[PDB]
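Only one chain is shown below, in structure tokens, and it's the form deposited in one PDB entry.
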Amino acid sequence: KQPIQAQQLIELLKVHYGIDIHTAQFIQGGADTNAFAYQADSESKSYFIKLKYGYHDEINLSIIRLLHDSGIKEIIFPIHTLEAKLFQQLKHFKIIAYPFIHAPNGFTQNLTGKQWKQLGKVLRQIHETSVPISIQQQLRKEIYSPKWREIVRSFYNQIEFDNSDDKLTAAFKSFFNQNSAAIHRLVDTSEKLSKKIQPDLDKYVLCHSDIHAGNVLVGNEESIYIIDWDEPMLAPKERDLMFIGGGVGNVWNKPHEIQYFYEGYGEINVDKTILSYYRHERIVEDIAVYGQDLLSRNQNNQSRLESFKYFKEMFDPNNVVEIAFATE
């Protein structure tokens, strides 16, 4: 499926980046969807290369460039091509080169107070970044879609006994039934809050959209880096703020973290209705996705059990559900 043989990277990295690589190897399952990852090493360093088919504008690259030129420092930026571009466009595919870095994320290594402040400073920088109209036209907009809420409601009648259910499906239905009150509350609260929110496009800002602890790395100089810029969007700032104290992954649920974050972010006028809407809606989105994986046999059972564990963890003490309810 690969557009090139790994050794063809030697020629390409030399030509377009001026880098001499002595060894390149395909990285299995590293990339996802339309992407192929490779490890290419220079006698001096190691590089992570991503190839993507196509010549259309990738929103990730457009936004990464905007933040780069805007001065945001806390991003792991691509290595520049010799023409000073963040990626090399070839005839039928693109090359995106990055330094091969290992940095623990916020789950692995909890942020220090200083890092919480830096995260607040950087996210405020991002939210205040002026977005050129050409790029605004490329960004998805928050439209308060009822898609996920509808899917979870479609599950209601499926929770009924079915003689053909397998072990995982039956266990999931039992758990759903035992937590039915909380599940309907998540859906109904997200729905109620969406109805009360009057969309104001003038207040939308550039948002990461999924900035949980797994997407912050603590790297060189003990500085933080925000990763996964694949699906940014224009939406109320609360789309991102909901994660501070949000408890995603059973971390980022402590009062002092919130204090340090806002000392850095500065803006304390946060719309509580929109913040509560996102915390409930993000859980609804996950119940729809992981719940469907349990009601269906689309993935193997080892994978379905992982979805089940994830689904249940959302209901643990101090996890996302309890924090969402506490927000409302």
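One-based numbering along the sequence shown. Rigid core here is just the name for the largest C-alpha set that superposes within 1.5 Å across the two forms.
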Third-or-more of other entries without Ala35: no
Given the other compared entries that model the residues flanking it, would you say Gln292 is unmodelled in at least one third? no
Is the mean CA B factor in the deposited entry higher across 168-176 or across 107-115? 107-115
Where do the C-alpha atoms have the higher mean temperature factor in this entry, in 240-248 or in 217-225? 217-225
Out of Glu128, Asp188, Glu74, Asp202, whose C-alpha atom has the biggest B factor in the entry? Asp202
For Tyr290, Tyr277, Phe36, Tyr260, the deposited C-alpha B-factor is largest at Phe36
Where does the C-alpha B-factor of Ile96 rank in its chain, lowest, middle or highest third? lowest
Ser303: which third of its chain by C-alpha temperature factor? lowest
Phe48's Cα B-factor: lowest, middle or highest third of the chain? middle
Entry-reported C-alpha B-factor of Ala31 relative to its chain, by third, is highest
Sorting the chain's modelled residues by C-alpha B-factor and splitting them into thirds places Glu83 in the highest
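There is another form of the same protein, the form deposited in another entry; it is not shown, and what comes next is about it.
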A Cα shift of 2 Å or more between this form and the one not shown, after fitting the rigid core, is seen among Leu90, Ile197, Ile227, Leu139 only at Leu90
Rigid core superposition, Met314 Cα moves 2 angstroms or more between this form and the one not shown: no
For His80, is the CA shift between this form and the one not shown at least 2 Å following rigid-core superposition? yes
Post core alignment: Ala40 C-alpha displaced by 2 Å or more between this form and the one not shown: yes
Taking the cut-off of 3 Å or more as given, in which direction does the distance between the C-alpha atoms of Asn110 and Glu221 change in the other entry, closer or farther? closer
Given that the distance between the C-alpha atoms of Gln39 and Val216 changes by 3 Å or more in the other entry, do they end up closer or farther than here? closer
